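Take a look at the structure set out below.
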There are 2 protein chains.
Amino acid sequence: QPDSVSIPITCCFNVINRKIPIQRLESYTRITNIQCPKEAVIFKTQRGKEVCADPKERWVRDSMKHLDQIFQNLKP
Amino acid sequence: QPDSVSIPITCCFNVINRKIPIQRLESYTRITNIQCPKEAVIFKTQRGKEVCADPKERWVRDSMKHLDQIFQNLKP
């Protein structure tokens, strides 16, 4: 197989259970690899911590929306 | 005087008194003109509303920080 199949893959095996204050969240990425066990987002905090969260949770979608908006408005 | 002195100036005469949820706030600008009566920030919400706030308030500085970070990290 190509050497792309032996690249390591980052997953979320667990998702945070407490909501995190949105002013803490600075960015997010999505888990996309089918090898991973669950659909999830990884938030990057101000501090640089990485947090797995369930995009089905309300706060999570709301934080994702908030960051999306700004990103599309921040170009500048 | 130059025609710059007869340009209209936007100010904040009042500042919001209730805290606004940070996921609502998408951007901010500062009042800078000395003609204005008070130091303040103008937040732009998701919805496009404009809100005057007092940068001495905790939530406000925190929202400003949050947006600053992302802006400097969002270039991309």
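Ordered as shown in the structure tokens, chains take letters A, B, and onward, while each chain numbers its residues from 1 and ligands are numbered from 1 in the order shown.
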With a distance cut-off of 12 Å and only C-alpha atoms, select the neighbouring residues of residue B:75, excluding the residue or stretch itself and same-chain residues fewer than 5 positions from it, and output the selection as a list in words.
residues 71, 72, 74, 75 and 76 of chain A; 69 and 70 of chain B
Counting only C-alpha atoms, what are the residues of chain B within 10 Å of chain A, and for each of them which pair of atoms is the nearest and at what distance in Å, to one decimal? Sort the table by chain and rising number, as a tab-separated table.
```
residue	atom	partner	partner_atom	distance
B:21	CA	A:22	CA	9.0
B:22	CA	A:23	CA	6.4
B:23	CA	A:66	CA	5.2
B:24	CA	A:66	CA	6.8
B:25	CA	A:66	CA	7.8
B:26	CA	A:70	CA	5.5
B:27	CA	A:70	CA	7.2
B:45	CA	A:66	CA	9.7
B:46	CA	A:69	CA	7.1
B:59	CA	A:23	CA	9.4
B:62	CA	A:23	CA	6.9
B:63	CA	A:23	CA	6.3
B:64	CA	A:23	CA	9.1
B:65	CA	A:23	CA	8.1
B:66	CA	A:23	CA	5.2
B:67	CA	A:23	CA	8.1
B:68	CA	A:26	CA	9.7
B:69	CA	A:26	CA	7.1
B:70	CA	A:26	CA	5.5
B:71	CA	A:74	CA	7.1
B:73	CA	A:26	CA	8.4
B:74	CA	A:71	CA	7.1
B:75	CA	A:75	CA	8.2
B:76	CA	A:75	CA	8.6
```
Show me, as a ChimeraX atom specification, the residues that have an atom within 9 Å of residue A:38 when counting only C-alpha atoms, minus same-chain residues fewer than 5 positions from it.
/A:11-14,31,54
Mind checking which residues fall within 7 Å of residue A:51, counting only C-alpha atoms, ignoring those fewer than 6 positions away in the same chain, and posting them as a ChimeraX atom specification?
/A:16,42-44
For the selection you just gave me, I'd like the residues written to a file as a PDB file, in the first residue's frame, keeping N, CA and C atoms.
```pdb
ATOM      1  N   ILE A  16     -14.956  15.410  26.215  1.00  0.00           N
ATOM      2  CA  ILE A  16     -15.081  16.068  27.520  1.00  0.00           C
ATOM      3  C   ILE A  16     -16.517  16.027  27.992  1.00  0.00           C
ATOM      4  N   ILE A  42     -11.901  18.565  18.006  1.00  0.00           N
ATOM      5  CA  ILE A  42     -10.818  18.870  18.921  1.00  0.00           C
ATOM      6  C   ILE A  42     -10.701  20.396  19.038  1.00  0.00           C
ATOM      7  N   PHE A  43     -11.058  20.956  20.188  1.00  0.00           N
ATOM      8  CA  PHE A  43     -10.854  22.371  20.428  1.00  0.00           C
ATOM      9  C   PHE A  43      -9.431  22.681  20.873  1.00  0.00           C
ATOM     10  N   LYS A  44      -8.883  23.787  20.388  1.00  0.00           N
ATOM     11  CA  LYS A  44      -7.597  24.242  20.917  1.00  0.00           C
ATOM     12  C   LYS A  44      -7.838  25.405  21.871  1.00  0.00           C
TER      13      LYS A  44
END
```
